[PDB]
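A lone chain, given as structure tokens: the form deposited without 4-(1,3-thiazol-5-ylmethoxy)benzamide (8BK).
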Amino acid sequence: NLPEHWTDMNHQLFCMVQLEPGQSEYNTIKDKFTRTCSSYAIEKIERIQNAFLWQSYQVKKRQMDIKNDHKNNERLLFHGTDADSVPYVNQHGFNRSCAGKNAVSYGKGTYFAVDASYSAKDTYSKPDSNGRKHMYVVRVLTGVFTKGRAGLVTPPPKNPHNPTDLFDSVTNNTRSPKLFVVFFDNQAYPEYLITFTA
């Protein structure tokens, strides 16, 4: 079920594809980024073609579309990280067991930002030895969500008398969400890597 606009990979399981400015695909990501980080400049945007991460993510999405019936389960969010993590995330995606304690913690999980400006902080997108900062644009299965709490290792139950029927994610604020936390593998697909500088 590999998407048809992807480059042919030739029995290869993984590829980074450099986007060209002037293409809609580049321009949409640049605009989404510059909306809140117009003081930074983009070096490049690579499309992540990871067949295994894509398949496992698309199965979880189909399962959430079935379970939630007629919700928008998928959001496009940002994740800033250090240069040393980029190879791991490219191949293996987002791993809660590697995740940093956020400065405002709404659970022990992987954090995603609504605004590029949050991910562009040096604490998340740590500038490398050449001043390159790195930020992923991520399809994230936010599903049905609630306000989190620092102690969560999984999302909380919707109903305390049914402890195993869970929210899909948590947020900082249900009325104006600016971040989301997810507690399961293959709930996030890293779609694009933005490399940028001051």
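Under this definition, the rigid core comprises the largest set of C-alpha atoms superposing within 1.5 Å between the forms. Only residues modelled in both forms are compared. Numbering starts at 1 and follows the sequence shown.
There is another form of the same protein, the form solved in complex with 4-(1,3-thiazol-5-ylmethoxy)benzamide (8BK); it is not shown, and what comes next is about it.
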Practice task
Could you check the pocket for me: superposition on the site C-alphas, 4-(1,3-thiazol-5-ylmethoxy)benzamide (8BK) placed as it sits in the bound PDB entry, then open or blocked, blocked being at least 3 ligand atoms within 2.4 Å of backbone or C-beta atoms?
Solution key: blocked
Exercise for the section: Tell me, yes or no, whether residue 15 is in contact with 4-(1,3-thiazol-5-ylmethoxy)benzamide (8BK) in the bound PDB entry, where a contact means a heavy atom of each within 4.5 Å. Expected result: no
Practice task
Give a yes or no for residue 179: in the bound PDB entry, does one of its heavy atoms lie within 4.5 Å of a heavy atom belonging to 4-(1,3-thiazol-5-ylmethoxy)benzamide (8BK)?
Solution key: yes
Exercise for the section: Look up in the bound PDB entry whether residue 113 has a non-hydrogen atom within 4.5 angstroms of 4-(1,3-thiazol-5-ylmethoxy)benzamide (8BK), and give yes or no. Expected result: yes
Practice task
Classify residue 91 as contacting or not contacting 4-(1,3-thiazol-5-ylmethoxy)benzamide (8BK) in the bound PDB entry by the rule of any non-hydrogen atom within 4.5 angstroms, answering yes or no.
Solution key: no
Exercise for the section: Look at the candidate spot formed by 139, 144 and 169 and say whether 4-(1,3-thiazol-5-ylmethoxy)benzamide (8BK) comes within 4.5 Å of a heavy atom in all three of them in the bound PDB entry. Expected result: no
Exercise for the section: Could you list which residues of 31-61 come within 4.5 Å of 4-(1,3-thiazol-5-ylmethoxy)benzamide (8BK) in the bound PDB entry, counting heavy atoms only? Expected result: none
Problem - Structural rearrangement between this form and the one not shown, runs of 3 or more with C-alpha shift of 2 angstroms or more, core superposed - result: 102-104
